[PDB]
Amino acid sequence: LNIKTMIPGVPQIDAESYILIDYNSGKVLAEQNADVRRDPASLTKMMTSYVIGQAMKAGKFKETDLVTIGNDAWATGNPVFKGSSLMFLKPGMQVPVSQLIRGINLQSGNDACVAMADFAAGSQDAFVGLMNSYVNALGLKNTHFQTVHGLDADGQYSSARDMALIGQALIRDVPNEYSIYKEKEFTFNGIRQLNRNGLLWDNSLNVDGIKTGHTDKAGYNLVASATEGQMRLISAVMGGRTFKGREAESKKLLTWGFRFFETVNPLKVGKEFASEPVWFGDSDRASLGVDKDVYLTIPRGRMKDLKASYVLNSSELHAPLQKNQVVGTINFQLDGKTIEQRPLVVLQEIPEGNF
């Protein structure tokens, strides 16, 4: 019992805040100061990429389309860019979207962000409006953007939790955009540029994202995501305190998560979990399940011990029953205790009887 019910100790993490979540279940595996508002620095570009990804998903433009660079995206024409990561765009260049988005995602090019913001939304301010609209849509409680890149934004902030949630949204909602993050290099204007995410080259993990950020003000920041088998984790580490820990602290969290936790998928949408009699219907019985795939994160090795059962909201089911009508709750249990609950819904509509 003692070894089965063990709660693992969390490694010490040399950073101001962090969080470790499961991508599929959303379970928070470990956290410290995860809601404290901090300078996001280049992590802001995750939201820039999310907006671009949404626009591309919507067919607003495609990767082959040429963007004509304007004055505001001219790297050496705007001292706000001094000492920052740049693609080195000049006005009059005609650059494919594919190249600009790799400038953003791999190189953290601040100039590329401006070029894409104007192309996608007409102005930087309108683009930032979109970024903040998605902050609202994603339910983020501790995030606000002022810039398309992270620079020159005194009232901009995010948090470890919110940055992990933006990472989750990238992978979930804009998978074609997310797929770019694992690319180790791209070439622009005859120069090869390497992805800044050093973890991509760590053989011991399968890291395929997401974004790094450093300013002297924000410290060292990293949102990472890695997979092992069925399982995908996302870590966000903000205000990393040393150069030597910039990838090491995140690696500590990810490796710890895979060692102690596992993700299970006990039920898919549309598959019967339970059946109940129904009154007044065109069928004698209601087929019951979920309207969203169930993922649970549990201690590693406890999968065989997982039990499921359900409760019903009402004594009797009466037709008409709508598809996806909520009629109860599924309880998932370990060691006799409910650890997770999901809504139990009608899978196939049952109208009133017609004879």
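Heads up, when I say rigid core I mean the largest set of C-alphas that superpose within 1.5 Å between the two forms. Residue numbers here begin at 1 and follow the sequence given.
Rigid core superposition in 5 other deposited structures of this protein puts the Cα atoms of one stretch, out of 324 to 332 and 298 to 306, farther from the shown form on average, and that stretch is 324 to 332.
Superposing the other copies on the rigid core and comparing 189 to 197 to 240 to 248, farther C-alpha placement in 5 other deposited structures of this protein marks 240 to 248.
Legend: mean Cα B-factor per stretch from the PDB entry, 127 to 135 versus 188 to 196; the higher mean is in 188 to 196. Stretch comparison (197 to 205 versus 161 to 169) by mean CA B-factor in the PDB entry places 197 to 205 on top. As recorded in the entry, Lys217 carries the highest CA temperature factor of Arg102, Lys217, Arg232, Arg259. Residue set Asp118, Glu276, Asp111, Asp282: peak C-alpha B-factor at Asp282 (per PDB entry). In the deposited entry, the Cα temperature factor of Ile13 places it in the highest third of its chain's modelled residues. In the deposited entry, the Cα temperature factor of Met238 places it in the middle third of its chain's modelled residues.
Ranked within its chain, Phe88 lands in the highest third, by CA B factor from the PDB record. Placement of the Cα temperature factor of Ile339 within the chain: highest third of the modelled residues, per the deposited record. Ranked by Cα temperature factor within the chain, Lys251 sits in the middle third according to the deposited record.
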